[PDB]
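This text opens with one protein chain seen in two forms, each one given by itself as structure tokens under the names structure 1 and structure 2.
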Structure 1
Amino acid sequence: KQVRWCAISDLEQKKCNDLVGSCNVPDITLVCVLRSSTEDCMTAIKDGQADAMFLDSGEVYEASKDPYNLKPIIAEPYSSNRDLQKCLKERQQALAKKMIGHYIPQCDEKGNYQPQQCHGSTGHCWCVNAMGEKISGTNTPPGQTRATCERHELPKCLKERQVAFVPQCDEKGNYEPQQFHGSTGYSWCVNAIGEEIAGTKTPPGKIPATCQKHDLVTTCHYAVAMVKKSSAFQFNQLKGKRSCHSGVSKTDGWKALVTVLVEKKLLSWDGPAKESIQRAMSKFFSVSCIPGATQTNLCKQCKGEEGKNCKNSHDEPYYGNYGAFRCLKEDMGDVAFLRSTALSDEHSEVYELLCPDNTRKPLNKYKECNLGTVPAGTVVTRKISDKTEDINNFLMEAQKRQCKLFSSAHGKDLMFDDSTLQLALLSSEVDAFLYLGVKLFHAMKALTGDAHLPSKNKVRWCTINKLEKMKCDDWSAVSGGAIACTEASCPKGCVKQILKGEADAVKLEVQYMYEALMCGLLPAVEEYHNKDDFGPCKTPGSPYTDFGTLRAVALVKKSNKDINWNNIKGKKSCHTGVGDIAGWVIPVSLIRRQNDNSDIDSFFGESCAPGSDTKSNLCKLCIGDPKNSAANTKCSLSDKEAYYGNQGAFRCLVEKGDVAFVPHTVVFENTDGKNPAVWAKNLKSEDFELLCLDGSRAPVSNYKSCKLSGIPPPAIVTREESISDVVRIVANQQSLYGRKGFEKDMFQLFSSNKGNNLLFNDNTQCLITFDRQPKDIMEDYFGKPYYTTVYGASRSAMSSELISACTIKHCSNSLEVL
């Protein structure tokens, strides 16, 4: 009902009051809370005095910690080579605007961009590629011969696959990060456009380099140092010069400059714990104006009146990018540190750029003459996110109603960056770490002084609940300084903690490994489940035969001799539940491979898969809880469904089903003599068979050959630099706390009075070290069957916020490179 925006200056207050007066959003009233600086506004948000503000990207990290605890919620989206169905989305966005006579993009029936795009209000037309980028020069006004538009959509990867080393592309035609040459055994990493990254080519038999994912994005901004052409100094002569800065906490005014200076060995500085950055900067420059600074000389060149001087606020006339430009223009500094948004061609006669290679270049060369790329600022609120919905609704309705959000007659860059075109809602999972990305988050953490000093003799294990926390505390009290404990809420949280340097290693099931392998984490050890061969556990190096890995199989009855793999369409099937690997991952992936229609909702007849749509075919004949008529527990992803789990799917097969997609074990767990006493009392394993991929049948004991696929073992993973430091300690803690260890009467690693299946699965025999083979990490872990079946041997099969945070953003002037 109400949204309070915090303004840091008088001009922002005027713009916010103008928006309150002019922008009319139904059921939401805007309120303008005035503060004197950016930090005061962050504090007012922390105290519940305000609701949301806009922060520079560099200010995000310090915003996620005491005494602020804020999180980014609303950010400007960028265009990339990963945007699928961009035309339909942009047309829907344009049609949602309460305005007449604007450009609504035109798509075809399939949903792609029509090669010719016209602006109906003006009559102008132009040509456009697959991503909607205007072909240069094709803009024609009405009454003039139109430019004939061609069809430019064939990506570079598929075009290089033709006329042919054969590159590997994904399902969308993008370059896979890892390229493997078939003629000569070589592996390397490539750019988002296919350019080979240096230092990644590896001969055969050698472990390939881990390739990182790349996304090609456009409309990037940079941190630049502007100077006047009348001056003559270069970059390595900034010592003792007068400097103008946009702000002490902004990337384009401080952080990028600090990074470049410390890498070029120009700034005499010890460390964040030994000396503050501001002291080294005060000793570096002579007199400067750096808004928000705490050293007097770094505030001498500012023009703010008494009580307004050197504040992170437009009350200081030298604050911001345009403030730093005015600082340079009025001859109070020799170099301004700002963002490429403040550049213009009207300044290309008096001003130029100061590049870190000790040369000067004109402004238009800012892509080759900068201090680094600057990510877009974001609208942040309290981490508890008690107002995110109202703020989002207000901003979205203000954008749809064409309110003056990103411009003002009172000034520039007020409330938001003027360069902003559109604000979108971020996923609730996005914190400062997910917003900045792994590398940039670690850079901010090291710059602020929170960089963890790694210890090569202590492993920080990450837990997912209080029971695992208790077991880990036992292990830490009994380990003698070798094991410490961190707490998280889920395995993905532990992966995030490891990527942030807050933890060291954690155990993950297979369904969590993909993202973990996408972010550069390597499997340190793996659980061994062979309960009949202790050989590999008693002495390392013993060649293991079976790792105890489960094998997904399609179990049928000997009675029905008409169910083969090539006629499972329309048959009644049973699943353990939506999400399970052997129950609803291997079979659905296989079916989606062979049947190009790709519709499991209509593939089977009346299948029973707990967790699907209660009205769909995947939820029929599921008897949910026999003696509970006061509730409707059909298709429940819990034990309230009698056909849930391995035993539940086996009962579904026994009672009403034809085939069950289950691990190979349940057949022996509910037949023979080892069986329950309800529906499997006189059942035998010799009355069932397994369906093989070639369309034949096999006995149940033939699961090592007649199987759908194999499941990789749960992997205990860590970072690369910690690999050699983890495994050792594991061994050191296994021979003491394993199943046949020296101190197994003090703590058993694979059992606990605190709970079942804590830290590791309680049926684990031991932890075998990962033998790194010279092939792809994804392949080496999953197995080429599993890889090619589930993820199609592609790094683009899944997309999440964590994967985006582990992706390099390759800037480019356009996506026209195809």
Structure 2
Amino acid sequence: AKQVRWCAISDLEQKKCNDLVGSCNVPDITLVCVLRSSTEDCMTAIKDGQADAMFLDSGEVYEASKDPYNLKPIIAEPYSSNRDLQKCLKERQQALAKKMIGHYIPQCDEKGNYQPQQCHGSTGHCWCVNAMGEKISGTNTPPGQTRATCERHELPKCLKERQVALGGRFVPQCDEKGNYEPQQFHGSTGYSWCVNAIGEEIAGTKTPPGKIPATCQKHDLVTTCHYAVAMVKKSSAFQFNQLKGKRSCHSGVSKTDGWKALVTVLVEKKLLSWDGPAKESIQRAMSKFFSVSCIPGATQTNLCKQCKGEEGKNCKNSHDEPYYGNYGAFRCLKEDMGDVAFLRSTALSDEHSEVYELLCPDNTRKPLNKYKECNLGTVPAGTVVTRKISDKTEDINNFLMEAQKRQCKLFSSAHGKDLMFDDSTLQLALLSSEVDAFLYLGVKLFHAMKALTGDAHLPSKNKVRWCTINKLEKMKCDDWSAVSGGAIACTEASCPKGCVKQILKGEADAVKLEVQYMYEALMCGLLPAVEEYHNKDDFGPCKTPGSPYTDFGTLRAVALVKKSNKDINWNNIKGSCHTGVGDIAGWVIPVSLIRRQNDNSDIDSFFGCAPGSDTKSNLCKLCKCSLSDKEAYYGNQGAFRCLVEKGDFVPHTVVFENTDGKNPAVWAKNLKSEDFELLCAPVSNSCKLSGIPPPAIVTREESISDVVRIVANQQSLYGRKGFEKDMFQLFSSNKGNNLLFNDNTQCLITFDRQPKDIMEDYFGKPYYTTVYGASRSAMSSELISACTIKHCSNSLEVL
């Protein structure tokens, strides 16, 4: 028996909330409505633990994630992407979950695709549909009428471009499932360029051979986009560059559609004379820009004089102010209390097409139905937020999910529009607990919000902020900063992924990453400034960069078998054991190579000890089977214990250690380099699955030059064989082992960027093609999504 306290900012919001408390029965969750006078007071009440959840505009998210609020987005409306997999099955499940009779339930085939014809059973209407479930225009037919004959529209645009290129020289490379890869290489002419979601080239990305290709960003095609627009009456005659001195009405000071997009556009067009933040308030500059306005939540009295709320409620971020919100701003414009209204496109209807039109930032006027051509930018959906501590997220999610299933009236009310949520909300879905303001808004929008609130960091060109993942790293990096003479500074994160996030947020400058994190790091636009170099035998390239290198100290992944103690080859591996499921030398390389060949599900349908592999899968018992050396078959040493008992995939080094006597335990003491070999050959000969790229110190592109030079100078000072190495060592520490770099690192070598693909330019084509399929869509995550450019379209109808 739990309760969820929703915070209402107005009397109408409390009325709708009490309507829900009366009419919506959710088992084991009681809805309680706490009343405040404004958005900010509700944010504070949630921060104080007096309320649990509220709905915020996207423009309010960033300031919500900071003091004195410290709120986090938890529940948001999902958008339709061209990367949605198995969409028909999920839509059918969701429809079946709704406790109502007669609603449309999508009809799916045996494979999970949409049936080309979709029918609403209770009404008898039928229509046609493409591979994403979008209705073909005009194909809706009622009962008792000849139905539209429906074709399968399953072939993506890219694969069709392929097969209109191999019949009778541009052949485009595509991601698995027929999406365009963001980077295109012309195999004949050697040119490379970048493309958006539908494969049309973006301007200024084409590069000749030998030259360095442009950085290609991942794109996602998204449907139903809402926009920030300036709405005006057709009777007026002013244009956008004549906004100064006019009367205006806004949805809110903290909303994107009401304020932030407008200010960004005014700054870009140089219409708004204003310094930077912390020198002038944006609100003071806007108060000097407009004569008299209604901007709810504003603290300048002229930006509030046109507001219509009664005293104590005037200009508040609350529906108690009649001019608050998108519909409130439209009301102000209609009642001639302002000359222009700044609001979301969702408040536009064709009823207003007679009197109203849209003011475009290019100094033209257009009708309301041109809002996709006449806007101040896209406005992402609002979100339900709670405390960052996330104590009540489960209860809130359960309540909203059950209320949506039981058809409770969350997204409409007789009392008014946009009360507790946006009325345009179709559904609310749960977000990953990883999602914060940064992940929700995305890198670009996050930096825009950061700059707009005066938090933007201008990095130093002579100092490098190194990110640490634990307290020992922080201590060693503190020693390094104390001896660096202002060249090195220290930041703290929980894990390497947090360090990548901090670098993206402008809170840190560089971090060392192992291979696992490199895919995400390169997807988000980071680059390797330097790389760990482990060749103990040469040391040539360390003191002098470019004393050319023959071996980087890279580990080489192979499978270790016997000189005819056993009879194994690659073709009959079916029917050994592996170090771990997470290890890259082993598991990742062999599994990727196995299931890139064939097709299969190797999880059991291949071999006859791989710790972390469920329990007792057909292996995992030849060793219980935990991802630690507390079982004797974990790691390189335990995987070598796998090959001597129950004999039948490891780095090459694993033989050279323990062979010849170096590890004595009884089993590995009397073993020799002649008794064990590798399949592709003698144990030292290259008979390898693939080479593993070295760990990379990554940073932003603009910071590459500064990071490399500062690291080079510091390396000349400290580390292995340094002028003042007696003061500090880079690759060793009394605080711990392998802290900021692997202790066996010979040095750091500046990454030489080749005129190839950055993914191949780091991983190497064998590793890239084997592990990630040479595709930018091999893995998806919240971070990769936050670094993906959302591109809008009236529909996905490009099939």
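Quick note, the numbers are simply positions in structure 1, starting from 1. Definition used throughout: the rigid core is the maximal C-alpha set that superposes within 1.5 Å between two forms.
- The comparison between structures 1 and 2, aligned on the rigid core, picks out a single residue among 559, 682, 148, 122 whose CA moves by 2 Å or more, and that residue is 559.
- Once both forms are fitted on their rigid core, the CA atom of residue 358 lies less than 2 Å apart between structures 1 and 2.
- Comparing the forms between structures 1 and 2, the C-alpha position of residue 227 differs by less than 2 angstroms, with the core used for superposition.
- Taking the rigid core as fixed, one finds a CA shift for residue 546 smaller than 2 Å between structures 1 and 2.
- Superposing the two forms on their core, we find that the Cα atom of residue 615 is displaced by 3.1 Å between structures 1 and 2.
- Once the core is aligned between structures 1 and 2, the alpha carbon position of residue 639 differs by 1.5 Å; this is the C-alpha shift at that site.
- A C-alpha shift of 0.4 Å is found for residue 272 between structures 1 and 2, based on superposition of the rigid core.
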